[PDB]
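For reference, the structure is listed below as structure tokens.
The letters A, B, C and D name the chains in turn, as written, and every chain counts its residues from 1.
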Amino acid sequence: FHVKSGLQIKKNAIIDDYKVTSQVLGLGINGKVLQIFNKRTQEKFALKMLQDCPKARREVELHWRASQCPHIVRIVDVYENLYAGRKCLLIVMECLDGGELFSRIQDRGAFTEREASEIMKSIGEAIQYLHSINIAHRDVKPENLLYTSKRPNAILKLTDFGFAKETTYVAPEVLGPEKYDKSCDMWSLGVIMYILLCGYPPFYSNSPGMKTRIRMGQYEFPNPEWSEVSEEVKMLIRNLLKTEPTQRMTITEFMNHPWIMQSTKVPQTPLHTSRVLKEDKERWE
Amino acid sequence: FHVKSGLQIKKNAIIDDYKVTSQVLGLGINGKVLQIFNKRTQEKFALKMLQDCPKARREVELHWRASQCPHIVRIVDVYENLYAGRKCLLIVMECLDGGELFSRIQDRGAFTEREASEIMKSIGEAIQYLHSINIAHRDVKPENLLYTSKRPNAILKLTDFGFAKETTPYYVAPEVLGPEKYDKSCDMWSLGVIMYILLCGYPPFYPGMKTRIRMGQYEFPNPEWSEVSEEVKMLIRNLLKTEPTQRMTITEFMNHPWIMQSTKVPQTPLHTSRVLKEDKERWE
Amino acid sequence: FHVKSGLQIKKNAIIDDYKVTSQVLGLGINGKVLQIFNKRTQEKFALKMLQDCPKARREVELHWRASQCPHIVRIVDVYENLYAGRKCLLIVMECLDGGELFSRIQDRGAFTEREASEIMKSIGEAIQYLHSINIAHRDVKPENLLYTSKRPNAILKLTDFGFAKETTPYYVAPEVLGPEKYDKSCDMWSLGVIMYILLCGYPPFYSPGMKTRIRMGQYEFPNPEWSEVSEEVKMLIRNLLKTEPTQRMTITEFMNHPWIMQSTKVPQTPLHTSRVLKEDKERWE
Amino acid sequence: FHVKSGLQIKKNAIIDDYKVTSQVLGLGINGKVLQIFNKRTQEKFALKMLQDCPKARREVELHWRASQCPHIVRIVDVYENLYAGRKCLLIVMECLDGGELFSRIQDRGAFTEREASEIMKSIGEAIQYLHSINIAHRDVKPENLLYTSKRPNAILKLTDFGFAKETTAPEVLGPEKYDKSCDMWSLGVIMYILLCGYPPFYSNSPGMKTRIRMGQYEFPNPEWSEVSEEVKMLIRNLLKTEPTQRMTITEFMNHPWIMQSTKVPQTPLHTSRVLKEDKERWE
């Protein structure tokens, strides 16, 4: 018998409890994230500021539901305050000061296929939880994957529920409608996996002609980066990047794929990612 | 960085915390106001009783937002209780025992143009705050303006949000930033009617009254208005425009020199004080 | 920087510039095609006559757009004239006197699997261009596939846009970039049907119980015709003729298939097509 | 009898006639503006690239109609081409290499009340023309005001019809909403900046949004201490929050401060310096 507590929205002023700096930690889909400090405990946290409405209410609601998952940024508290005579949802979440996923990769000198497998597995676990409780994330990108600390054993966490949406013998179609909201995360996972293995996206710019290469599904595994990467992985990427949403792999089939399943049985083959990523600081702005 | 705390609705029985008398302190647009006493502290407060529904929820919500302003009656606590098997919003507010604005004026024996300017400025300040946070009061009348105490330095405060309504890149016109109808300009009319009474003791509008209002027929008759400066008559004339869009905005009003420099307005005495008691009859 | 010129509709009478014979060169979905001669140059061209309306305007507009592709019949000029007191779009296009695709195949005495691969690749290229500019052809059939000349190095070209229709950050999924129904996947079926006929000489769907065999997906690879054809090709055909539109292969997947990719590494195995086609002149009317 | 010619859209490829560089000359509301050169004549022009649709068709249509006005950027040619298999309106317009209005002010070391009057008058003329042919611009801002050359006698010209809209006793002759009066506000904002170097509505934010709807601004010293009460009064009247209380373009062009530009005091303004001294919060 597992129940978890529901969300108690705090109504007192947030400045009673926290010292709010104006150092920006990230730009969210609807409002920025600031650095804040626990007045009593001195410890550091992140504050996301949203203007109260049905949209913001849903973000908080869905995020809170997912907050249980180890690979989703944890909500610490939610405040409802008045800010310049308008209502506000202020979300306090744990501080992910390990930085973005591709910043950590970008800082070495090498990255291996086995480590890419481990990273993909923990992203996968976040998506798997979300899908199992009928939530599509709809915005799984590089900027939304951050690490808890700089320490080498930090946990990778998924952030930002600004685009998240609820997805609702007896066959699965006969148990509630459900459109393509979910399969759209599976594409993201494909795009991230591709970047993790070579350092660049599968879809380029040069650029209104990028938009067509995406709908056509024109990409490649060019050498030298991909010459080492096993056909088994390319085949997995090929399957997450199908242009037809229903041809795409589901999160359960993904988590059961042998490359993800047995992360520790994946060859230690080194990838170019680490260098290709710093060597290309320009067109990453 | 100013945040103010939001509204925490108490759910325990109000009678745990307050002794509720049944002395009526006023009749609100939707429910009366009773005198109550803090059980622990002995101190006196006012309780407004509302039946829970979307209407009452908005009154509380809007009033709480405005409660910060120094010239708006301060909400102390909001209770949600069961009263005769129905849900209830009970609002506890500070006690305004100085009485109504025109009751204080009515009790002397003289009132001056400069004081009228100081009164008008503090009503203005309440309206100014409301408008700035996108709330129209829609019911600014003599009965809604009360004083905190009888002491001569008491603050004047506005009450009753029963009619209040909400009114909704960097060089953009005000019309292109959200629709907004005439909700606000309607307070500006009240302000003109109050100002008129403040300076002479009777209203500017006396079934043929209904048409004099829509026509805009009123005057500044003597002897009351013969001392009053043309500058003030001109300001009243402009708040009482029958066409809502021709009417002055609350910012233009707070910037008008008569309101701006209250202390440079002539000390000229008005008839208000006497005309008001001399006319106790047709004020019921 | 590639721009190509847009469409200038000529308004002068077409008979100023061309001699119009009444030899019919084909029947289009909305108006027949006549043989005409350039008055000044003596050279031969084809004229398609359409009655001006939103439908005909779209054909011209879409055909002009695709006219740049090497494997699509080239539009020479478009006239807007009065014919019997009604407005008219007259389209002048290059003369494809090499005749229909299956007429050329039918005239030998043998056809090989490698040539079928080369034909399919060039039809594919036309579809690929169209899809990449968001146009579905919707009428890819034997009669719409003609050769430029009789000379053995002639180019195969696609005609008739009477059914053609338009089909409408940087990690964003293909579904989230505009709706789009099954218009395109319907060309992919035609490609399968054409490929099947090219390898054996008859259609996969035969002689009101035909209508049900198509929706059921009942067809075979009967002997003796199909006994030489590699399992690789049968598998590609099986995948284009999927009854469920979304299970069907996309044009990019198709142009990447090794059988199409390396036309010149396909076995030179002879097919029955050439003979089966003339031997069955009857039920082809 | 004055007829002017209508718009002939050229259908041939633009690269036949022009050499198209990719030096960006400005960012428009729907597509950027590039520097191009007349292949035959060597002369320089600006190209705006739009994707064909009803929106872009209207921009070109409305712009063409206003192109006659001396104070509106002149369209040279309009091409309809295929770019990556999609149709395209390409607009060639005269090259305004004198740069933006506030860049030219920002480059001296002084600006006078009389010159501000002359600038406001020529912006007003553009709006006046547009309104008289029933078009509201709806996007009169600092970036849309450019000069033809650097030469000191250059003409100031208005650009960008991406937001322009057609606007159809005076009330009995066709409906018409507040489209027009919204240009009149821009005119006030621009006049304010021209006289002191900063906007009337600040950031430092979500509280700027409310100061605009409330109409809270001032004429603070030292900048405004020389500026005549007559001008402050005109600005006050363009910046009325109520659109119908706002002055019309005809009333504006008739105001004595605009009418007799050359009888306006030569009083120097702070604008020139306040503008460079505040390069930061202007990005």
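As a convention for this text, contacts are C-beta pairs under 8 Å (C-beta built on N, C-alpha and C of every residue); 3 or more make two chains touch, one makes a residue touch a chain.
Just so we're on the same page, UniProt names per chain: A, B, C, D = MAP kinase-activated protein kinase 2.
Trainee: So, comparing C-alpha centroids, which chain is the farthest one from chain B?
Mentor: Measuring from the centre of chain B, the most distant chain centre belongs to C.
Trainee: Give the chain pair, either A-D or B-D, that is connected by more C-beta contacts.
Mentor: B-D
Trainee: Could you grab the centroid distance between chain B and chain C? Build each centroid from C-alpha atoms only and quote it in angstrom.
Mentor: Averaging C-alpha atoms per chain gives centres 79 Å apart.
Trainee: On a C-alpha centroid basis, what's the spacing between chain A and chain C, in Å?
Mentor: 44
Trainee: Hunt down the residues of chain B that sit against at least two other chains at once, touch-wise.
Mentor: 132-134
Trainee: Which chains are in touch, pair by pair?
Mentor: A-B, A-C, A-D, B-D, C-D
Trainee: Mind listing the chain D positions that touch chain C in their complex?
Mentor: Spelled out, the residues of chain D in touch with chain C are 11-16, 20, 22, 79-88.
Trainee: Quick one: in the complex, what on chain C touches chain D?
Mentor: 1-8, 65, 68, 132-134
Trainee: Can you list the chain D residues touching chain B in their complex?
Mentor: Residues 141-142, 178, 181-182, 185-186, 189, 199, 201, 203, 208-210, 212-216, 241-245.
Trainee: For chain D, which residues count as touching chain A in their complex?
Mentor: Chain D reaches chain A through residues 83-84, 86, 206-207, 210.
Trainee: Sort out for me which residues of chain B touch chain D in the complex.
Mentor: Within the complex, chain B touches chain D at residues 131-134, 170-178, 180, 245-246, 249-252.
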